[PDB]
There are 4 protein chains.
Amino acid sequence: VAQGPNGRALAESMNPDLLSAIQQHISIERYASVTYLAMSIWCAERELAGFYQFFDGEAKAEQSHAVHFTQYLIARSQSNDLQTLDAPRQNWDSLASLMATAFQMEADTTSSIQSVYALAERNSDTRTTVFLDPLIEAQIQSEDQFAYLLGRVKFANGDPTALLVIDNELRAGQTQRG
Amino acid sequence: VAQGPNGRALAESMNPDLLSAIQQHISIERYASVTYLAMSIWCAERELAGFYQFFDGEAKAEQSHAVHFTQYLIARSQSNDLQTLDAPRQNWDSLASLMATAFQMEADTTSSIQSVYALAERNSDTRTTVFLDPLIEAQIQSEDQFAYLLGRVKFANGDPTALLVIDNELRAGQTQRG
Amino acid sequence: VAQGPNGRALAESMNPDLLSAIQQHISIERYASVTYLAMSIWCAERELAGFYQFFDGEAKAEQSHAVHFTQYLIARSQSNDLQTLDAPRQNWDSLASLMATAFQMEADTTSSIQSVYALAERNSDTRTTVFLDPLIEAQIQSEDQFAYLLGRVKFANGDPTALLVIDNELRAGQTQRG
Amino acid sequence: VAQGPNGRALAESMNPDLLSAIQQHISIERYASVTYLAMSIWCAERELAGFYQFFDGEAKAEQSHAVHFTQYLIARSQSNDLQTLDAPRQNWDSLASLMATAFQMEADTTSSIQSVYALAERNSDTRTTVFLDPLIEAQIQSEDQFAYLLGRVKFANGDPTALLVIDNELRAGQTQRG
Ligand SMILES: [Cl-]
Ligand SMILES: [Cl-]
Ligand SMILES: [Cl-]
Ligand SMILES: [Cl-]
Ligand SMILES: [Fe+3]
Ligand SMILES: [Fe+3]
Ligand SMILES: [Fe+3]
Ligand SMILES: [Fe+3]
Ligand SMILES: [Fe+3]
Ligand SMILES: [Fe+3]
Ligand SMILES: [Fe+3]
Ligand SMILES: [Fe+3]
Ligand SMILES: [Fe+3]
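Rules behind the numbers
- Residues numbered from 1 in each chain as written, not as in the entry; some residues may be left out.
- Chains lettered and ligands numbered in written order.
- Part of a larger assembly, values for the part shown.
- Heavy atoms only, no water.
- Donors = N, O, S within 2.8 Å, 3.2 Å for Na, K, Ca; no water.
- Helix = DSSP H or I, 4+ residues; strand = E, 2+ residues; numbered from the N terminus.
- Buried < 20%, exposed > 50% of the residue type's maximum accessible area, 1.4 Å probe, protein only.
- Contact = heavy atoms within 4.5 Å.
- Buried area = accessible area lost by both parts, 1.4 Å probe.
- Salt bridge = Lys/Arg side-chain N within 4 Å of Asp/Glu carboxyl O.
- Polar contact = N/O pair within 3.5 Å; in protein donor to acceptor, adjacent residues only side chain to side chain.
- UniProt positions renumbered as here; feature names shortened; annotations may be inferred.

### Section: the coordination of the iron ion (ligand 12)
All names here are of chain D. Taken together, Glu-29 (OE), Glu-62 (OE) and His-65 (ND1) make up the protein donors of the iron ion (ligand 12), found 2.0 to 2.2 Å from the metal. Along the chain, the residues donating to the iron ion (ligand 12) fall in the pattern E-x32-E-x2-H. In this structure, the iron ion (ligand 12) lies 3.5 Å from the iron ion (ligand 13), and both are coordinated by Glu-62. Pair noted here: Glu-29 is in helix α1 (residues 16–45) and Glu-62 is in helix α2 (residues 49–75), with a separation of 33 residues, a long-range link. For the pair formed by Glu-29 and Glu-62, the shared burial category is buried.

Here it is as structure tokens:
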């Protein structure tokens, strides 16, 4: 039995380019987390309490995704390398602009997973594609959700009254098309 | 005991013009179904989640009506003839315009039933008028409901804020005058 | 943030050939639905009440699959295009012949999904392959089930007594090997 | 306030031809009852216990229908005239032949109601057509049921094994397509 790079028994070696890609993706998840924390704060500063609660929960979710990836590297007997984390964006001129950045962040998180996925397929790493499959499925739902929130905010067309109604929807947990 | 056109024992023969009219009406119910599916999609594309859920349920209801009619033909020992189904309308410039088409569809579904009803009376087919009576009663309630939804949307006068409020009413199941 | 063809925020563009393939597959699901409705009617006309109830439920299931696909296109910000629906086959000389057509319909539904799947892989659309994966899994179970029902009916070898026994199995919900 | 023919206060006079038709129809219901009693006995004599129980219940149901009509005449302040009741048919060469007579009896019961209905319409007696409407609706279901039982017995094609299976269905209360 061979020992993997993190010292555990090694079921199958991993290509170092794929390992690097996964470690980089963990940073993307962590960056999504702190971005949604920053967005939660921006909403709280403007008394948009429902948006604040929504993004507070999304920040915790993205962090859980990052940890989920660290556990996969442990399971593959690969080293983790937790990286320096950039400061998030923190300023937006409107809720519509913030929601566009949020949608972009969600789509970019998926693109990162897709990049890892393609590298795994190039290396015939079926453990990794199987690991990522349900995460891509979750991303489809999150992209649908963030498209819904962005589209509903854009529909409001900057009217504070409509934004208050949507804010109350989010406080109630009405965050998807259903 | 005589055998009817579908091969079952025949309680009473049916005029072929009435049979044709019922088969055509089943197509109307099926077309109402796919129309409401198309409307559900149009609303979902615009984040009108309550309208989407409402029309999704109406599509399933209209399909159940179609099946209910197929069961009546079975009960009368008459042949069913499931027909080619036209594509629905799929594009509207506004929710008010979509709701006008929906009301029209509901009224036209009733007109079709009325046409079958008159033909049954001309043929003294009291089984068929009795079968249709509760369906007309249901249509009165559906016309009242669709007049309510259309009128409430028109009252909004294209204001997104008001349309969001109504959308949330529909998500909550508040779809009638009560 | 770019807007997709249906107007929603676009997470990732979709190849138009893949979009066309998905829209066509939705028609296949809808056609499976109306085919099973026709089969339910054929069984009801011959007092095969258990087969009638089984196919009535399968018709509703296939319709739900079609809607599930329309929701995926909404989620991908792609246009839906609900198509004209052919009339189903409606005449069979025996239950064994009907069950052969049903098995074929189920296998052909899978082949359609496989065709979409291959096109998605050619376009590196991992959202779509992930979306389809559980549907293929469900198809394996449905093919196994329909092979079971067809094989059990063929075993009966046209004996009405055996077909009545199987009919009662289906009425009871005993529709699979277990 | 005028007194009707049975001595009660009279809400609206009834045409004597319509009264005679209703009194005659009550005899039809009573004759259906004793016919199903005779059929129950024929089945019991051949150990067809499920058919015996089914027809025993149908005999009681038809009697309840007769009483329901006597109550309507009381409500209309009209005289009842309970008539001599013919002996039922009591001999059949096969269960299939008995079931054909049963279906005929059910259809003939509906034809009698239809005859009363047409006479009421000729006399603009809307109380009577309203009274009969739900009874015709029930007749549609009973005709569908008796077509189902007859068709299932004919499918058995005289095989005792199949007839025993159907007999057990009826004992269990499985008497309709569902
Ligand atoms: Cl805004
Ligand atoms: Cl509008
Ligand atoms: Cl067969
Ligand atoms: Cl027989
Ligand atoms: Fe994530
Ligand atoms: Fe995310
Ligand atoms: Fe309808
Ligand atoms: Fe309708
Ligand atoms: Fe009525
Ligand atoms: Fe399907
Ligand atoms: Fe299927
Ligand atoms: Fe009766
Ligand atoms: Fe009866």
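Moving on from the coordinates now.
### Focus on the interface of chain A and chain C
Chain A puts 19 residues into the contact, and the matching count from chain C is 16 residues. The junction of chain A with chain C conceals about 1500 Å² of combined surface from both sides, 57% of it contributed by carbon and sulfur atoms. The interface formed by chain A and chain C includes two salt bridges. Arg-8 of chain C serves as the salt-bridge partner of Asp-144 of chain A, at 2.8 Å between the closest nitrogen and oxygen. Run the count over chain A and chain C and you get five residue pairs in polar contact. Of all elements in the fold, only α3 (95–122) and α4 (126–156) of chain A reach the threshold of two or more residues within the side of chain A that touches chain C. With 10 residues, α4 of chain A is the single largest residue contributor to the side of chain A that touches chain C.

### Here's the deal with the UniProt feature "binding site: Fe(3+) 3" (unreviewed entry) in chain A
Here, UniProt's "binding site: Fe(3+) 3" (unreviewed entry) annotation points to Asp-133 of chain A. Within the fold, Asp-133 of chain A resides in helix α4. Ignoring anything within four residues of it in the chain, the contact list for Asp-133 of chain A reads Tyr-117 of chain A together with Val-130 and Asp-133 of chain C.

### Section: the UniProt feature "binding site: Fe(3+) 2" (unreviewed entry) in chain A
Residues and elements named next belong to chain A. Per the UniProt record, "binding site: Fe(3+) 2" (unreviewed entry) is found at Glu-62 and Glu-106. For the annotated residues, spread through 45 residues, the largest C-alpha to C-alpha distance comes to 10.0 Å, consistent with a single compact locus. Its relative accessible area of 2% is what places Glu-62 among the buried residues. Residue contacts for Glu-62: discarding those within four places in its chain leaves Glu-29, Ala-32, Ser-33, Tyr-36, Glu-106 and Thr-109. Inspection of the secondary structure assignment puts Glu-106 in helix α3. Since its relative accessible area comes to 1%, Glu-106 is described here as buried. Contacts of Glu-106, omitting those with residues within four sequence positions, involve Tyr-36, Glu-58, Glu-62, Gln-139, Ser-142, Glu-143 and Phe-146.

### Things to note about the coordination of the iron ion (ligand 11)
All names here are of chain C. In this structure, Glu-62 (OE) and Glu-106 (OE) serve as the protein donors to the iron ion (ligand 11), at separations of 1.8 to 2.0 Å. Separating the iron ion (ligand 11) from the iron ion (ligand 10) is a gap of 3.5 Å, bridged by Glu-62, which donates to each. Residue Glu-62 is found in helix α2 (residues 49–75), and its partner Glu-106 is found in helix α3 (residues 95–122); the two are separated by 44 residues along the sequence. Take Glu-62 and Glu-106: they sit in the same class, and that class is buried.

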